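Colleague: Its first residue numbered 17, the sequence shown is counted upward by one per residue in this note's numbering.
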Amino acid sequence: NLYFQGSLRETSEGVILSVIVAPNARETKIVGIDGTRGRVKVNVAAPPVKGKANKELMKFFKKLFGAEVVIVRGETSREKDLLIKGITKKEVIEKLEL
Ligand code: NA
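1) Is the beta carbon of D97 closer than 9 angstroms to that of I49?
2) Which whole runs of the beta strand (DSSP E) in the stretch 18 to 49 are 3 residues long or more, in chain order?
3) Check whether the Cβ of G22 sits closer than 8 angstroms to any heavy atom of ligand 1, and report yes or no.
4) For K78, which residues from the same chain have a beta carbon less than 6 angstroms from its beta carbon, with the 5 sequence-adjacent residues on both sides left out?
5) With H, G and I counted as helix, E and B as strand and the rest as coil, what does DSSP make of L99?
6) Classify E72 as buried or exposed, calling it buried when 16 or more other Cβ atoms lie within 10 Å of its own Cβ.
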């Protein structure tokens with residue numbers, strides 16, 4: 017029963033997916049929804065240093081969506097916004113709900 021609608025918006029350029037990362041994880045994976053923040057809780061299998069969590073986060077979502085993913089907010093924050101270029105909200109929700 018995970019509802020992603022409060023963590024996404026569809027813009028001129030694609031979809032902005034809003035996440036909150038928890039680093040130091042055994043496995044990169046979606047774990048739930050932070051309804052206070054409107055963000056997907058994502059465990060990231062990387063330490064919080066040297067950009068490594070950013071690289072792993074983008075690798076994971078590029079594979080999931082089959083689209084280019086860039087960080088547009090939160091490069092050095094836990095609360096990161098990911099622009100998935102050229103995609104619709106319907107397609108993103110379908111892939112997140114896998
Ligand atoms: Na929500």
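Don't be surprised by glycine CBs; every beta carbon is placed ideally from N, CA and C.
Modeller: Checking against the coordinates, here is how it stands:
1) no
2) 24 to 26, 30 to 38
3) yes
4) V85
5) strand
6) With 16 or more other Cβ atoms within 10 Å, it is buried.
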